[PDB]
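Right, one structure below, let's go through it.
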Amino acid sequence: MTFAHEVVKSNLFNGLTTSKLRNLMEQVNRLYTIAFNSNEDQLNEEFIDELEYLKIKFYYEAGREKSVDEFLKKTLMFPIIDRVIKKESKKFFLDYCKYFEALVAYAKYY
Amino acid sequence: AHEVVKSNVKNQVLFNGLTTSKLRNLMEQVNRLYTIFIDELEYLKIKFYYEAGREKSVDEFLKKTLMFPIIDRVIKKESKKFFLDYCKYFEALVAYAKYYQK
Amino acid sequence: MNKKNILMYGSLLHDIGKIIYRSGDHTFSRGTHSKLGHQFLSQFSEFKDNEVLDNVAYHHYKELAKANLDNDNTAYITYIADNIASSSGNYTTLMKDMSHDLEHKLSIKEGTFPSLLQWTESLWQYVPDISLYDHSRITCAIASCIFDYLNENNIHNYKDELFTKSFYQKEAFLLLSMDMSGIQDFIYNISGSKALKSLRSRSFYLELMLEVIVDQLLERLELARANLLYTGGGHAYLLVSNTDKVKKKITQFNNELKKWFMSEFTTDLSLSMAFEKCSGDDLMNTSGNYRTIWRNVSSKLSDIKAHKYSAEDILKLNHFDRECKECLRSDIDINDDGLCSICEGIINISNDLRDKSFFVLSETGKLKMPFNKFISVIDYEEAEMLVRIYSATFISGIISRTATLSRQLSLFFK
Amino acid sequence: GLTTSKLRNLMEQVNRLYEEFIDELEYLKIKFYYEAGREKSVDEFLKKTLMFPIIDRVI
Amino acid sequence: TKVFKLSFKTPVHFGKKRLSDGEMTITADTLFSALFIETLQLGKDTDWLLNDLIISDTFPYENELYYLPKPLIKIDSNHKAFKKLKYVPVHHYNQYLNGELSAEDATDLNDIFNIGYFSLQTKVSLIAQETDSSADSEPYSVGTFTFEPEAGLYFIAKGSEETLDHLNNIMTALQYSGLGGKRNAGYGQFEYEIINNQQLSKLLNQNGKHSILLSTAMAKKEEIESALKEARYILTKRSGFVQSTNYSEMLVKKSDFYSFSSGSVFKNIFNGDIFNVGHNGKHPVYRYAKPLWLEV
Amino acid sequence: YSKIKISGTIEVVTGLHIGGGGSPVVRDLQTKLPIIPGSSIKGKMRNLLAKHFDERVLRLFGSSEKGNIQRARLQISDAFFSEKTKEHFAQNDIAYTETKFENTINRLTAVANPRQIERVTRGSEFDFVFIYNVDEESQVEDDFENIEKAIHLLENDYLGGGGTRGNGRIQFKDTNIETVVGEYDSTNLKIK
Amino acid sequence: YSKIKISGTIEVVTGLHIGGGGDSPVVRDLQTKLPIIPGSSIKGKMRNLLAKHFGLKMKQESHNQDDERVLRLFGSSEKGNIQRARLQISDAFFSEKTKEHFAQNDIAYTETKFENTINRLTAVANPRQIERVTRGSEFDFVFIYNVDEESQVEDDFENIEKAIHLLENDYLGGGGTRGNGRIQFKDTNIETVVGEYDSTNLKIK
Amino acid sequence: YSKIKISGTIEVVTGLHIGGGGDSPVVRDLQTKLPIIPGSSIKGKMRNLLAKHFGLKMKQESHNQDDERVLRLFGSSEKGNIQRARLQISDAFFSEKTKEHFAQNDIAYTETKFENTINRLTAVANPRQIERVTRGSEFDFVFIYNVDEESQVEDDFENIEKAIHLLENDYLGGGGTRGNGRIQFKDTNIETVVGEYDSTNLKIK
Amino acid sequence: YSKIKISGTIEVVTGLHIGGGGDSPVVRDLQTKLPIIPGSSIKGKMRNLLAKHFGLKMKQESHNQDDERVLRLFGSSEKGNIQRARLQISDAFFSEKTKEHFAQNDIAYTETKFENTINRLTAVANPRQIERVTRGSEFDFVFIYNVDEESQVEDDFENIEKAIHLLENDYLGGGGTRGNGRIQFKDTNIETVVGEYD
RNA sequence: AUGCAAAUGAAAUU
RNA sequence: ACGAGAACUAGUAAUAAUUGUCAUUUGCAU
């Protein structure tokens, strides 16, 4: 599979660097433990609002810098996030965390 | 939140050339109230009327957001949690407004 | 002294002088062992018999050539028997020990020939592949057979009769063999709690039955223990005289034995004896016919065990309390604790086995013996107070040499 | 200068795991790449011992 | 003249003298008495199968090979491997009878003689005062036999057709009762099948000068003297108890009997008889002595 | 005179230990597989039925050592592993026998000694067959009444050694009553 | 001849390590791969505890000779005065109800407590990994009682009651004073499965 | 023969971090996913405390060989002696009241606190993230006492309250030198669960 | 064996930024929603200042082996020798009078400071934000000194006086170089709680 | 706003 | 009318006993 590798090795992303994802990473990591703490798979509406604000921050960060914008567009982050919000299943969120983490770890490797 | 901003993109102009610099004072207003009183909300409304009088584009932005009824209902509820929810909403509006710009 | 006893005592010491000759320190007549042995044996009161001295001094061709003996004089027989049979200080020590045993342990009587055989066996067992002990015994056995054969055949002028090859060719020897039937089932019919004690006593009981049988047989035939060649397990072999009297008496003893054995168990143990003629020429490995005659007597013994019981015997067998716990047999009549009289005697003899060594054959005893006798247990002091005391390789090989091989095997396993 | 102490998480994950399982293996390789990136000795150990190809082979 | 084939599938104990003893083949005394007891259990009419049935001893079989007990003949040659041999396969039967068997062939035949294994099973007895109070148990050992999945025993019987049909009825009834030692203890059940082997029948239907006794026989009073003119035979003391005669089993015991074995050779045939060994009994107890001969 | 054949299968609820070998367990010497010898069945059945109360036992099982002779009217043979349990274990890759390590605790010293004991793997099935030879027409019902209780009693007991310590419970399934010789009907007797 | 059946369920309070297997595992069946509670452990723990309840003298300590009544319930029959057992203590098995519950809610059946074994001076802190059956698991158990004497049943039951009680304030398994292996009893059931003796007047807390 | 129970509540003054399961987790159960305090570390710490309070020699420190009365209180049974401990210590579990309080006030149970380490002559910081229980939390604990001798209770109990005191001005858990692990005890209760002994004059501070 | 408590108050004079929660927040207790000063911070600052005050070799810096006086006073147990810390440092909290005085006077606990940046050759102003702890507030702390040798107690207490002096003369937390961290000590208290040794 | 995402150790005696 | 016949490889007792996931390392340079 290594879908993360495909984009990272292809591009870096017109000057992409790891610290340019810190808060984004931070935000994701926050939701991670938050997603860990929940028992049921059904996502609470407060967690939905967390997802929505994460989408908002994604867009703001993409507008702030062009290289991060190219990364998010080229890694399809926005449609993936939208689908995740639509499905409202925790396991798919954990898989998304794993995919994004693979992206981050790869991008740190190169 | 996203819907109002993306659907108000007219031919491109956003609320006829709305810019975040004009929201500065309004932004600051919310920011202070974010750290934190009914009279404070009344003065927030007064500043909303002030900034909508400053520019017609901002007045349209506030009307097309139904901001005034929202603020009235927030004041009626007197609940700080609903105040925080409105803060989230206004932040979303500001962000999407930033996103859809020249 | 009965001339048979003279024959015995002379033959058993016929070639003694060798032990003096190789002694070196006792070589009075360093010309020949015969004269030397005669001189040494001429020192003793008990063995002061003269004809025995003549026998000893006159066992060889040169010696007999000029002795001018009578036509009827036993030593000549010894001659043929000898012919048929076929550090230094240690020897001096043996001379001292033999003088001691001869002055203090040996005496001349009708039944003292076994004493001579026992002491000579004690002494010469490794005095030469042939020990002197085996040589003396075989010479004596052969002389016994020869003397019985010639006296029975009304022949007395032996010097003219023998002093040869034709006599060698005459079938004057008989091979008789005995076979015990039911070793295995009689030894392995134990089920009680005294397994070891019963087992060890039954084994010795069967062994002593065999030994008492052979002793009674040899005694009745007036024959000696020299003629016994091997006993053990159930197989046992005797070389006896090829005479009509001998065959008849063998028959009669066989009949009486069978009558008893039918009287005791009726299946569990039975004895089969078989006899076949041979001549002296066959014992000398002349053409290896010795193995042939042995295999023949083996075949005969194998083929007499087929038809064992005649018509009347079985007819009675069919027309005539419960099983002993220790002895798996019902026919014998049980008593207290469900134990039979004979098997209870077995328990008694087992209890007496460990602490006592001598066993005495008498009229009352404890255990039942073949010829209306019994066996009891005594001690050496008690024994003195009473004063019988009991204390391919086979065939192919490479009489004396196979006999000594059997004796070696027996002594190793015993 | 490799130390077993720098392998702990990886070993732990192995002990944890010793179609969802395929995703677990993918996460294994993700953390493997991350550890190799973190330390140079771990990177050499993984690369020269053919860890990545055998990991892919199992998957 | 049909023959029956038996498979056991259960351990079975045969017994010779003691419970720890095991036998593989039994004699027509045990078999015929089994036939008698099952006939009486059936409530049938016994005269027909008593003085009209001819039965031989049982012999073991393998996958496809059949065996007979050794003939006690005088062969003139080792004298050892033949002694170490107990049974003869049907294939070389006449070869042995004409001496066409060699030492190596006999060695091979002995090698293929693996037809089952013997065992001793231990047991205890707690019917004793262990029921009542402190008392040590009373262990015993028993012997059992286990056959390989393609082994068993087979008979030979001959007679009139009505007798033989009655024999088949008795065989069906007996197939579910036992045929051994401790039957009621869990040993000795079997299933039968009737097979006509051409070679065995051919062997049965020869003609010669000698005779080989395949059952347990004993000549009557007036002919034995003519029976034993030239013979090689073996005696076997047959003893044992009886079933359903008098009050005490320990008190009741068949008188000792002596009989010829199943390897004997005769010149003059004798017809045998069923001899009573009964005394102080409410019914006679019959022992079987009626010979089934092999004439070659 | 007829013969009733009574067959079925029996399950191992808890591990079982017959183990005449010990501490090993009884088997067959070539198939290397466990058996449960019929003598053991008989002994337990005799013990329970006798402890239930005699004439019914002696008739049923046979003594003939007490001055009178009765022939055993019931024959019990061994049992064996079914094919169903065999394939079930083979496909699922489960060993046939379990090995339990035990321990013994000394007092005033508090030192521990080890033990090593084999047991049957739970859940297995055995196929069994009994034969009843009807010699008396008007009694078999009572006799079968007895045999009913027999299994019932054994249902709530154990087989083998160490039973009180918690092993040996067995179960009975698939019981059918058939007549195969004679002309006596077998459709009204029942065994659970 | 009556036989009495007791049925009920044992609930793990805190981690349990019976562990006859030796990674310091617990005993498991080879058919289901689930936790089990061996009967010999339950029986002997109750036996030892009830023996040490009353008098247990040094001479009594020497030979495992104990009180006549606990000897009555658990059977001794070792030397001389034979006493055949009276209680057949059957096992507990990992219940299926909790199997469904955990499977739905995605809980493993076993936790691995990682601990330390530090010393003094050298203070070698050896890391440890003890496997335990996670709390909330339930097992089903059955006991069997034989009535050797009718009039003695009540006291017999009385005695085993104390045993139940004492065990409820104690532990099974190892590491006992360190916290492991406290249990509770729940949902009992008593029934005279065979015979004609009424089991209504019985109760087991 | 009796069992004396000691019940109470652990109030965590500052942070507590056991972390046996390990960014850097704490030890937590699986049925409820709420933090717990095991008996094991509690026992080890109190034992070393009471050992240092009494004698402790280098040869004594070599192989965990300690003073005799501490041995009686905690059991060794190694040097050919029969010494089973008289004190059974439980794990400590997240209480109902505290979880309710943090539910009704919206406070997470866990904080992830970030630390830095500064390398010498480099001035480059290495960051760390440690998971610790938020303050004000309370656990429950229960202690079990065995009376092996009637003339040996109070003195050991005296030691135990001394031991408690030594804990109250020390730390239970990891990294206490840097200011986490301070605890306190509240609401001590002393009852004899089984037996005929009085627990009225017996107290632990 | 004994235990002597050390109790006292630290007063903040400048800004105080510890920012463990790090637009740049301050650590806060979730039971009170108020900032704190980690015990780790006090101990680490003290250890660094005393190590600099004593011998600080480059090789010793490379090997992180601390001076024997510091190593005994705060514990290392890192060179394979058993070395338990003789001193315990805890967190610190607001005083009651501090909170009362601030609540009565309508004065907030945090100050927002805008940090204006000018870039060389470019002069681009991008404002930054930072929070600071209000000066004039006081915290209460607790240290614990455990007695293992009855003789060197005075030496350790004198070294602790040197500790208090140096920490008063230096900065605590973040923003030290630009003027945040200057704190003082008041109302030091010594009162043994366990033992007979005072 | 800009660097920081870990570091180090460690089954025993019946 | 079979070396037959009656015959639980039983009954007592468990992985027990001691061991601390701890020891140091500043949310901080611009």
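In the structure tokens, chains take letters A, B, ... by order of appearance, with residues numbered from 1 within each chain and ligands from 1 in the order shown.
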Going by DSSP on the backbone, which bits of segment 55-236 of chain E are strand (DSSP E or B)? Write them as a CSV table (one decimal) with N, CA and C atoms, in the first residue's frame, please.
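And here is the file that came out, states.csv:
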```
chain,number,residue,atom,x,y,z
E,55,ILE,N,-16.7,-81.1,14.3
E,55,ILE,CA,-16.1,-79.8,14.5
E,55,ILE,C,-14.6,-80.1,14.7
E,59,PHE,N,-8.2,-72.3,14.3
E,59,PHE,CA,-6.9,-71.9,13.8
E,59,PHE,C,-6.8,-70.5,13.4
E,60,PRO,N,-5.7,-69.8,13.6
E,60,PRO,CA,-5.6,-68.4,13.3
E,60,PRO,C,-5.4,-68.1,11.8
E,61,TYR,N,-5.8,-66.9,11.5
E,61,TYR,CA,-5.7,-66.4,10.1
E,61,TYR,C,-5.2,-65.0,10.1
E,66,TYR,N,-3.8,-68.5,5.7
E,66,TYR,CA,-4.5,-69.4,6.6
E,66,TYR,C,-3.5,-70.4,7.2
E,67,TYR,N,-3.7,-70.8,8.4
E,67,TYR,CA,-2.7,-71.6,9.2
E,67,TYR,C,-3.3,-72.8,9.8
E,68,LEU,N,-2.5,-73.9,9.8
E,68,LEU,CA,-2.9,-75.1,10.5
E,68,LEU,C,-1.8,-75.5,11.5
E,69,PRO,N,-2.2,-76.3,12.5
E,69,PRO,CA,-1.2,-76.7,13.5
E,69,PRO,C,-0.2,-77.8,12.9
E,87,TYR,N,3.1,-73.1,13.7
E,87,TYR,CA,2.0,-73.2,12.7
E,87,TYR,C,2.5,-73.2,11.3
E,88,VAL,N,1.8,-73.8,10.4
E,88,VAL,CA,2.1,-74.0,9.0
E,88,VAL,C,1.1,-73.2,8.1
E,89,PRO,N,1.5,-72.3,7.2
E,89,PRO,CA,0.6,-71.7,6.3
E,89,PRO,C,0.1,-72.8,5.2
E,117,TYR,N,-0.7,-59.6,19.8
E,117,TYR,CA,0.1,-59.4,20.9
E,117,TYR,C,-0.6,-59.7,22.2
E,118,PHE,N,0.1,-60.1,23.2
E,118,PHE,CA,-0.4,-60.5,24.5
E,118,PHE,C,-0.2,-59.3,25.5
E,119,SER,N,-1.0,-59.3,26.6
E,119,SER,CA,-0.9,-58.2,27.5
E,119,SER,C,-1.4,-58.7,28.9
E,120,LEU,N,-0.9,-58.0,29.9
E,120,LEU,CA,-1.3,-58.2,31.3
E,120,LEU,C,-1.8,-56.9,31.8
E,121,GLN,N,-3.1,-56.9,32.1
E,121,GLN,CA,-3.8,-55.7,32.7
E,121,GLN,C,-3.9,-55.9,34.2
E,122,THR,N,-3.5,-54.9,35.0
E,122,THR,CA,-3.6,-55.0,36.4
E,122,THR,C,-5.0,-54.5,36.8
E,123,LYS,N,-5.5,-55.0,38.0
E,123,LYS,CA,-6.7,-54.6,38.5
E,123,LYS,C,-6.7,-54.7,40.0
E,140,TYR,N,-5.1,-58.0,41.3
E,140,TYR,CA,-4.8,-59.2,40.5
E,140,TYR,C,-4.4,-58.8,39.1
E,141,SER,N,-3.8,-59.7,38.3
E,141,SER,CA,-3.4,-59.4,36.9
E,141,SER,C,-4.2,-60.4,36.0
E,142,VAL,N,-4.6,-59.9,34.9
E,142,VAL,CA,-5.3,-60.7,33.9
E,142,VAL,C,-4.5,-60.7,32.6
E,143,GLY,N,-4.7,-61.7,31.8
E,143,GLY,CA,-4.0,-61.7,30.5
E,143,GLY,C,-5.1,-61.6,29.4
E,144,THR,N,-4.7,-60.8,28.4
E,144,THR,CA,-5.6,-60.5,27.3
E,144,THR,C,-4.8,-60.6,26.0
E,145,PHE,N,-5.5,-60.8,24.9
E,145,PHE,CA,-4.9,-60.9,23.6
E,145,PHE,C,-5.5,-59.8,22.7
E,146,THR,N,-4.7,-59.2,21.9
E,146,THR,CA,-5.2,-58.2,20.9
E,146,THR,C,-4.7,-58.6,19.5
E,152,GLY,N,-7.8,-63.2,13.1
E,152,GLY,CA,-8.9,-63.8,13.8
E,152,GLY,C,-8.7,-65.4,13.8
E,153,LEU,N,-9.8,-66.1,14.0
E,153,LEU,CA,-9.7,-67.5,14.1
E,153,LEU,C,-10.8,-68.1,13.1
E,154,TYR,N,-10.6,-69.3,12.7
E,154,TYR,CA,-11.5,-69.9,11.8
E,154,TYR,C,-11.7,-71.4,12.1
E,157,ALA,N,-16.2,-77.3,9.8
E,157,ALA,CA,-17.3,-78.1,10.2
E,157,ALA,C,-17.9,-78.9,9.0
E,158,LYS,N,-18.4,-80.1,9.3
E,158,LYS,CA,-19.0,-80.9,8.2
E,158,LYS,C,-20.1,-81.7,8.8
E,191,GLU,N,-17.8,-61.1,15.2
E,191,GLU,CA,-18.7,-61.2,14.0
E,191,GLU,C,-18.1,-62.2,13.0
E,192,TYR,N,-19.1,-62.9,12.5
E,192,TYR,CA,-18.6,-64.0,11.6
E,192,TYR,C,-19.0,-63.8,10.1
E,193,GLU,N,-18.4,-64.6,9.3
E,193,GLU,CA,-18.7,-64.6,7.8
E,193,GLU,C,-18.3,-66.0,7.3
E,194,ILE,N,-19.1,-66.5,6.4
E,194,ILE,CA,-18.9,-67.8,5.8
E,194,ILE,C,-18.2,-67.7,4.5
E,195,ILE,N,-17.0,-68.3,4.4
E,195,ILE,CA,-16.2,-68.2,3.2
E,195,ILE,C,-15.8,-69.6,2.8
E,212,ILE,N,-4.0,-86.9,9.7
E,212,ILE,CA,-3.6,-85.8,10.6
E,212,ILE,C,-4.9,-85.3,11.3
E,213,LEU,N,-4.9,-85.4,12.6
E,213,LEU,CA,-6.1,-85.1,13.4
E,213,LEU,C,-6.2,-83.6,13.6
E,232,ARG,N,2.4,-91.2,16.5
E,232,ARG,CA,3.1,-90.1,17.2
E,232,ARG,C,2.1,-89.2,17.7
E,235,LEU,N,-0.1,-86.1,24.7
E,235,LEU,CA,-1.2,-86.0,25.6
E,235,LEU,C,-1.3,-84.6,26.2
E,236,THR,N,-2.5,-84.2,26.5
E,236,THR,CA,-2.8,-82.9,27.2
E,236,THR,C,-3.8,-83.1,28.3
```
Output the contact residues of chain H with respect to chain I at a cut-off of 9 Å, based on only C-alpha atoms, as a ChimeraX atom specification. /H:14,52-53,107-108,111-115,119-121,134-136,165-166,169-170,176-180,182
Could you name the residues that touch segment 9-17 of chain K at 7 Å or less, counting only C-alpha atoms (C1' of nucleotides), but leaving out those on the same chain fewer than 6 positions away, as a PyMOL selection string? (chain E and resi 123-124) or (chain F and resi 19-20+102-105+112) or (chain G and resi 19-20+40-41+76-78+84) or (chain H and resi 77)
Store the residues of this selection in a file with C-alpha atoms, as a short mmCIF file (atom, residue, chain, number, x, y, z; two decimals), in the first residue's frame.
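File part_5.cif, as written:
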```cif
data_model
loop_
_atom_site.label_atom_id
_atom_site.label_comp_id
_atom_site.auth_asym_id
_atom_site.auth_seq_id
_atom_site.Cartn_x
_atom_site.Cartn_y
_atom_site.Cartn_z
CA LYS E 123 -6.73 -54.60 38.53
CA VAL E 124 -7.81 -54.14 42.13
CA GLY F 19 -4.61 -44.87 34.11
CA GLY F 20 -3.86 -48.49 34.82
CA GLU F 102 0.06 -30.27 40.39
CA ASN F 103 1.69 -29.58 43.74
CA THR F 104 1.66 -30.79 47.33
CA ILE F 105 2.03 -28.47 50.30
CA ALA F 112 6.20 -27.55 47.70
CA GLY G 19 -0.83 -20.33 36.82
CA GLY G 20 -0.02 -24.02 36.77
CA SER G 40 -7.69 -29.09 43.30
CA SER G 41 -6.63 -25.53 44.07
CA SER G 76 -8.41 -38.44 54.48
CA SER G 77 -8.35 -42.28 54.40
CA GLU G 78 -4.55 -42.35 54.57
CA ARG G 84 -13.63 -41.86 52.04
CA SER H 77 10.42 -17.81 54.90
#
```
Please report, as JSON lines, each residue of chain F lying at most 7 Å from chain G, together with the nearest pair of atoms and the separation in Å rounded to one decimal; use only C-alpha atoms, and order rows by chain and ascending residue number.
```
{"residue": "F:52", "atom": "CA", "partner": "G:1", "partner_atom": "CA", "distance": 5.7}
{"residue": "F:94", "atom": "CA", "partner": "G:30", "partner_atom": "CA", "distance": 6.4}
{"residue": "F:101", "atom": "CA", "partner": "G:20", "partner_atom": "CA", "distance": 6.1}
{"residue": "F:107", "atom": "CA", "partner": "G:61", "partner_atom": "CA", "distance": 5.2}
{"residue": "F:108", "atom": "CA", "partner": "G:61", "partner_atom": "CA", "distance": 5.5}
{"residue": "F:163", "atom": "CA", "partner": "G:88", "partner_atom": "CA", "distance": 6.6}
{"residue": "F:164", "atom": "CA", "partner": "G:88", "partner_atom": "CA", "distance": 3.5}
{"residue": "F:165", "atom": "CA", "partner": "G:40", "partner_atom": "CA", "distance": 5.1}
{"residue": "F:166", "atom": "CA", "partner": "G:90", "partner_atom": "CA", "distance": 4.3}
{"residue": "F:167", "atom": "CA", "partner": "G:90", "partner_atom": "CA", "distance": 6.9}
```
Given the selection you just returned, output its residues as a file containing N, CA, C and O atoms, formatted as a compact mmCIF listing (two decimals), in the first residue's frame.
```
# COMPACT_ATOMS: atom_id res chain seq x y z
N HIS F 52 -26.75 -48.23 46.08
CA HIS F 52 -28.13 -47.76 46.01
C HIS F 52 -29.01 -48.46 47.03
O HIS F 52 -30.00 -47.87 47.48
N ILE F 94 -6.22 -29.96 17.92
CA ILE F 94 -6.24 -30.08 19.37
C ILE F 94 -5.68 -31.45 19.74
O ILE F 94 -6.09 -32.47 19.16
N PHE F 101 0.15 -30.10 35.71
CA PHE F 101 1.16 -30.02 36.76
C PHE F 101 0.48 -29.63 38.06
O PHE F 101 -0.19 -28.60 38.15
N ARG F 107 3.02 -28.96 55.71
CA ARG F 107 2.72 -28.08 56.82
C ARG F 107 3.88 -28.09 57.80
O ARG F 107 4.57 -29.10 57.94
N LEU F 108 4.11 -26.94 58.44
CA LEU F 108 5.19 -26.64 59.38
C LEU F 108 6.51 -26.45 58.65
O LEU F 108 7.45 -25.92 59.24
N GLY F 163 -11.35 -38.20 41.48
CA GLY F 163 -12.64 -37.67 41.08
C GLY F 163 -13.17 -36.57 41.98
O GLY F 163 -13.75 -35.60 41.49
N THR F 164 -12.98 -36.70 43.29
CA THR F 164 -13.48 -35.68 44.20
C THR F 164 -12.75 -34.36 44.00
O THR F 164 -13.35 -33.29 44.14
N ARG F 165 -11.48 -34.43 43.61
CA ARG F 165 -10.68 -33.24 43.38
C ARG F 165 -11.07 -32.53 42.09
O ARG F 165 -10.50 -31.48 41.78
N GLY F 166 -12.02 -33.08 41.33
CA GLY F 166 -12.67 -32.31 40.30
C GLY F 166 -12.53 -32.79 38.87
O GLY F 166 -12.61 -31.98 37.95
N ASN F 167 -12.35 -34.09 38.65
CA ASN F 167 -12.30 -34.57 37.28
C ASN F 167 -12.99 -35.93 37.18
O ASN F 167 -13.16 -36.64 38.17
```
Compile the contact shell of residue 19 of chain B as a PDB file with N, CA and C atoms, in the first residue's frame: residues with an atom at most 9 Å away, counting only C-alpha atoms (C1' of nucleotides), same-chain residues fewer than 6 positions apart removed.
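part-v2.pdb, written as the output of this step:
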```pdb
ATOM      1  N   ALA B  97     -14.072  33.588   5.572  1.00  0.00           N
ATOM      2  CA  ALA B  97     -13.940  34.878   4.914  1.00  0.00           C
ATOM      3  C   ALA B  97     -12.505  35.113   4.489  1.00  0.00           C
ATOM      4  N   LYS B  98     -11.560  34.774   5.356  1.00  0.00           N
ATOM      5  CA  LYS B  98     -10.160  34.863   4.981  1.00  0.00           C
ATOM      6  C   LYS B  98      -9.867  33.962   3.797  1.00  0.00           C
ATOM      7  N   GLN B 101     -10.801  35.113  -0.636  1.00  0.00           N
ATOM      8  CA  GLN B 101     -10.337  36.482  -0.806  1.00  0.00           C
ATOM      9  C   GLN B 101      -9.527  36.589  -2.089  1.00  0.00           C
TER      10      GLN B 101
END
```
